[PDB]
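What follows is one chain in structure tokens, specifically the form deposited in one PDB entry.
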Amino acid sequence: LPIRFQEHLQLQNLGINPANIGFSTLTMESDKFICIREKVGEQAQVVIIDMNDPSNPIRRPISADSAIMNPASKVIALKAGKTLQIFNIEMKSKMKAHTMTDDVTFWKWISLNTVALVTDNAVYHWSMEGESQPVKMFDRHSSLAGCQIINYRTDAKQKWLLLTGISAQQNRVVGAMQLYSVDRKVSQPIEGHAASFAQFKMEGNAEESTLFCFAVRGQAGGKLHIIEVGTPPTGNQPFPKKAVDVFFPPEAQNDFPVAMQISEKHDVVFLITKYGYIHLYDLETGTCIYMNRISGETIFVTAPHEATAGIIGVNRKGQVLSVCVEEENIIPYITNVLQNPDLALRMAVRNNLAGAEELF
């Protein structure tokens, strides 16, 4: 295989109720922690799974509608409607608090020091630095009105902001995205399911390009877009925009993309679909490297898998699974299975791997 697949944990083995293994109650903001909200009566608890020590979870009583651990530190952000609080778990201490004017419908850590807040009407960034309070970044576009918000993310420089929501229409799930430029102060609505930014240095360019990659299924097929956002740096060639098909077999009529992470090390896009297919795409050309069903159950939450520059996720059955490029196998797979020596050589030179030299 060009990928290594690893089951890390079955959350049901830790006595986690499978009813709470879903998007609204389980979060994984980084590969370091999983938080699960469980409620039986009016007695809500949070289960905090240290992924370096999974047999010893912390169970604490809560009254929060949502719990997201900081990506880098055992610092938990808890909310109840408009009330936001941040606790250092090891110091058992409230470190920050803020009340919003509007209900926060979705929130996510976008860095080790900043939480993104989404209301019905606006997106804010809340820095953990000193007396910093939430700063409004943009107004929500009317095209996302009535969506369930499922993701918010940014480019490395926080100059390009992307809000993603979904709704049911005609028994299919339609994705609505809002791309916002900080510098231009302009939004663009996009029909999109899953997306990520990436930094990519093109051959001969002195500077990295900032790429926007999004995958969508429309009424008549799937598409993946890789687009340079913003003006290319002085002296940089522009990234030629890529647009490629996203294959769904005839049997997967209700399938659509639900997760994307991009390998900074390998310049590959990981795309996961609702029915549990993984797709690998080359970031440079958009070429589909690999497709396979890795899960019978929806992988509903993902994060970068830091140690392997891969993707780690949780499915609705409680399987914690990871996919990365298998560095020993990827070049031979592209050569021998895809019959694409061009892609093999290009990817081998990018990551200094062996076996891309055409032997005759």
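From 1 onward, residues are counted along the sequence shown. Between two forms, the rigid core is the largest collection of C-alphas that superpose within 1.5 Å.
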*Using the B-factors recorded in the PDB entry, average over the C-alpha atoms of 239-247 and of 202-210, then report which stretch comes out higher.*
202-210
*Look up the CA B-factors in the entry and say which stretch, 31-39 or 52-60, has the higher mean.*
52-60
_Highest-ranked of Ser181, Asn88, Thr101, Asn151 once sorted by CA temperature factor in the record_ = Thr101
*With respect to the C-alpha temperature factors reported in the PDB entry, which of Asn13, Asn351, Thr25, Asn17 ranks highest?*
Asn351
_When the deposited Cα B-factors of this chain's modelled residues are ordered and cut into thirds, is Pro233 in the lowest, the middle or the highest one?_
highest
_B-factor third for the C-alpha atom of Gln45 within its chain_ = middle
_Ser127 by Cα B-factor - lowest, middle or highest third of the modelled chain_ = lowest
*asked:* Please say which third, lowest, middle or highest, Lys185 falls into when its CA temperature factor is compared across its chain.
replied: highest
*Would you mind checking where the Cα B-factor of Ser295 ranks among the modelled residues of its chain, as the lowest, middle or highest third?*
middle
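Separately, the form deposited in another entry exists; it is not shown, and the next lines address it.
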*Core-aligned, does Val40 move its Cα 2 Å or more between the shown form and the other one?*
yes
